[PDB]
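**Q** what's the 3D shape of this:
(chains A and B)
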Amino acid sequence: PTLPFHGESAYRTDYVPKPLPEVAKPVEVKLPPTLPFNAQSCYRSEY
Amino acid sequence: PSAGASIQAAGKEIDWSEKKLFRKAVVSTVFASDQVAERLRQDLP
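**A** Numbering: from 1, shown residues only, chains lettered A, B, ... in the order given. Right below this line is the structure:
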């Protein structure tokens, strides 16, 4: 009697549509806070 | 002739908006100062 066949292409077995990589690292960063101007001049302190 | 209900092929829309001189670029650690920024400024322990 006829038999079946376990035939696979070498391109089809290894290249199945892979699961998509999980998109990640949406990192957002904040700046250090600003600082006041706590300074004089020569003509504000000494006069 | 009523077989005209179809989404149009060759999908370009003609860009009416401003052209993208600046695309969103991931600015991260090496082009991120900190560190010496509070070492030159001593934000206290």
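
**Q** Around chain A, pick out the residues from chain B.
**A** Applying C-beta under 8 Å from any C-beta of the partner chain, one finds that chain B approaches chain A through B:27, B:28, B:32, B:34, B:37, B:38, B:41, B:43. The C-beta positions use only the backbone N, C-alpha and C, and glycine is treated the same way.

**Q** Show me which of those is closest to residue A:43.
**A** When the residues of chain B next to chain A are ranked by distance to residue A:43 (C-beta to C-beta), residue B:41 comes first, at 26.8 Å.

**Q** For the closest one, the count of nearby residues, please.
**A** Applying other C-beta atoms under 10 Å in any protein chain shown, we find 10 other residues in the vicinity of residue B:41.

**Q** Repeat that for residue A:26.
**A** 6.

**Q** gap between it and residue A:14?
**A** 33 Å (C-beta to C-beta, to the nearest Å).

**Q** Then residue B:5?
**A** Here the distance between residue B:5 and residue A:14 works out to 41 Å (C-beta to C-beta).

**Q** Output the residues of chain B next to chain A as TSV; include the columns distance to residue A:33 and secondary structure.
**A** Converted to TSV, the residues of chain B next to chain A look like this (distance: C-beta to C-beta, whole Å; DSSP: H, G, I helix; E, B strand; the rest coil):
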residue	distance to residue A:33	secondary structure
B:27	19	coil
B:28	21	coil
B:32	16	coil
B:34	13	coil
B:37	12	helix
B:38	11	coil
B:41	11	coil
B:43	9	coil
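
**Q** wait, which of those is closest to residue A:37?
**A** Sorting the residues of chain B next to chain A by how near they are to residue A:37, with C-beta to C-beta, puts residue B:41 at the top with 13.5 Å.

**Q** check contacts around residue B:19.
**A** With contact set as C-beta atoms under 8 Å, 6 or more residues apart in numbering or on different chains, residue B:19 has no partners.

**Q** quick one, phi psi at it?
**A** Note on residue B:19: its backbone torsions stand at phi -70, psi 150 [degrees, to the nearest 10].
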